[PDB]
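Consider the single chain below, provided in structure tokens and representing the form deposited in one PDB entry.
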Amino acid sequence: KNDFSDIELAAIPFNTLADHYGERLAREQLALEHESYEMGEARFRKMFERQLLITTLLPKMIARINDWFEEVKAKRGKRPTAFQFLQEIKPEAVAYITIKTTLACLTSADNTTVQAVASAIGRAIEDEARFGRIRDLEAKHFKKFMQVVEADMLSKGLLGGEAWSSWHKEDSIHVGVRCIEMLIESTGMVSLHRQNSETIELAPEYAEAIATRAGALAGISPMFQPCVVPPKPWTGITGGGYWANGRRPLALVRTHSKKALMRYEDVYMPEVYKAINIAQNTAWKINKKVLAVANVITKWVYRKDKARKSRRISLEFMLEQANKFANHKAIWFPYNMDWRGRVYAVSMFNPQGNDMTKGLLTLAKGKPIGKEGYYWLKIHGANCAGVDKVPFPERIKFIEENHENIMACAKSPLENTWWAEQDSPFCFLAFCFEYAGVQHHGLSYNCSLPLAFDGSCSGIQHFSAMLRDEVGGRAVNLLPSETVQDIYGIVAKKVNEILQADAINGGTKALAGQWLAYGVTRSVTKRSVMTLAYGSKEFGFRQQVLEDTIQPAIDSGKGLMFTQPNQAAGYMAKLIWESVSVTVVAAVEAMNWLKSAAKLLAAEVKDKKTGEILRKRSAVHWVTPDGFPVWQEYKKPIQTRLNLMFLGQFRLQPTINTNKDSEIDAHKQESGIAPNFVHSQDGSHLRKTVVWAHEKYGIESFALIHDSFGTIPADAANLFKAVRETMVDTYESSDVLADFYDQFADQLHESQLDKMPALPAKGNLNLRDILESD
């Protein structure tokens, strides 16, 4: 935890990347990594001169930062709260880290408050601050498909340090606010809106700039970028993925404080690092033909005008990146985790974004598709159009039935625009290309487009396995052998069937008219049937139904039949719930079981006996099968507003999010256990499956998009077997719900609280091995 000098440190990373991938690249990686803090005089001069957005804001900014630097210094009696903070930081960085962060933050069509924007920039200046030297030196080391993963060979000076910032939140805010100010004065780039909040507006000048014209964001890249050499295998809890020792380490888990992050340190769990790391080695590359289109096409109310002004800066940020590595034979993405398990990819540009990003990317290493591949490629592209409800056989057809249309898209802009009319334009266009190339090189070509597949629901799946009910395990379409049919639709018939059945022919339980006059489709009994977690019992169906189908029909005058509102919704709920409580029995059973352990786990001792009988409202924790520990502890915030009138005029008095001295929030704590647990599962299934599909069937490239994963068509078929066999292996090797029982029981009061709910009874499911095609 310092053992070697500020030089050996600035050595190892480079000297390992050199000995490893090769010397030209060892310098391309770090060079690139340092782009987060400072651009460079090199990259800048060959850019400025060569062209005798971004050579404008940078020059003017370094200025103000220098004028002001000594303006204060007039050696008069008052020093501002950000001066020693900014001072030993080279403004070269300051002005950059400020232009670089402020644009990144305007990406968020969600929050863009002086407080957010300011604190964002704040955190950075500090990273630089604390790593500005190891960096500056490491640079000097010089002038401004290999599988490089190793499992021990990392020099012991590459082992991640402190991921968390030390500065006080307030302070971080002042530093950021001054940079934000100096930004507005030297370059009228942004401006405050609704002054008394939103720093997100970009003057009408730079606005049109970024959107309108030819690629301005040239030298302004995201704080986090893709690698050009294999990431670094994780071990320990900080410093992974990236190499540069002259920077701020990443954290295994994205936590809400260094304290939370620190409780993983002593934890032993191999499969988690295996998983994360396997997922990290996957090689990628830009799909240039799709890029070629996107390059041109992208140039051709009040509440939805905000997203338009922000989805633009994000479009540009990610078309500047795709082009940037358009030629690299390959690229990598370091990965991270949630406090609940999920694996997220660190860089802004990644295979987990809108479909344009999804399309602009593709696996950089392929196998011969052959018969099967080419099949699943078809099934894939169907889902890509929208034909994903109907069954597979008639799913294939849609494609041959449109053969010459996909091909026609061999001149994408010339009046093909058909692809653009699909559910996901680029996530499809790419498909045609792939399709075409198969139809030109044959079933012999090493195709590599990642094929992803999503399931009707996962959770109603694991519970069916866990409990061992058929009827539902078979309803989902994935547990046992059957003919793929949607559950959402299944729950529909049962709703209607019941309506007519005994509502009409059996207060106002005669609503089987209001609905039957409007129509009950599978498009109304599905939003809730997938909300078996946060959205819960019939009560949760009411507000969703009432919020999704009824009210929005009255708005356009299509619900005249619904004289009485709420009561209509409430009626359907009873129907959705009774239909679910029969279709997928164990899922509902398993969810009450937890909704029940939830009351106990987060309660406060109920003895009023007054003696050695107390149990603080505290945290609740649990461990997934691969060993990953989940700690849930929702704290009520403790805060005190600030006061800032610094821009000459405009008084601002925002609320400092929190100060870290909190007391539990028993509400959330209880209502967050069931859902956070299920998400927790998805995480632990994925990880397990990825490890298993890399050993059992040796697959190398993995694509993970919002909990859907795929490989190259060649391998597509084996993932499935991998999935199917992991489920089986899990619920056969032990009784996980029995284990979770003990796990929770262990966190209660002697016996007082040992009023635990009985584990649901298991059903009869064909020999788990029945779960797989066999």
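All residue numbers refer to positions in the sequence shown, first residue = 1.
Just so it is clear, the following notes concern the form solved in complex with a small molecule, a form of the same protein that is not shown.
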Check your understanding: Would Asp388 count as touching the small molecule in the entry with it bound under a 4.5 Å heavy atom rule?
Key -> yes
Check your understanding: Counting only non-hydrogen atoms and a 4.5 angstroms cut-off, does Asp454 reach the small molecule in the entry with it bound?
Key -> yes
**Study point:** the small molecule contact in the entry with it bound: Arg123, any heavy atom under 4.5 Å
**Key:** no
Review point. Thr531: heavy atom within 4.5 Å of the small molecule in the entry with it bound?
Key: yes
Review point. Pick from 521-529, 589-597, 165-173, 409-417: which stretch has a heavy atom within 4.5 Å of the small molecule in the entry with it bound?
Key: 521-529
Check your understanding: Just one of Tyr445, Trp577, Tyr488, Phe562 has a heavy atom within 4.5 angstroms of the small molecule in the entry with it bound, so which one?
Key -> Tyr488
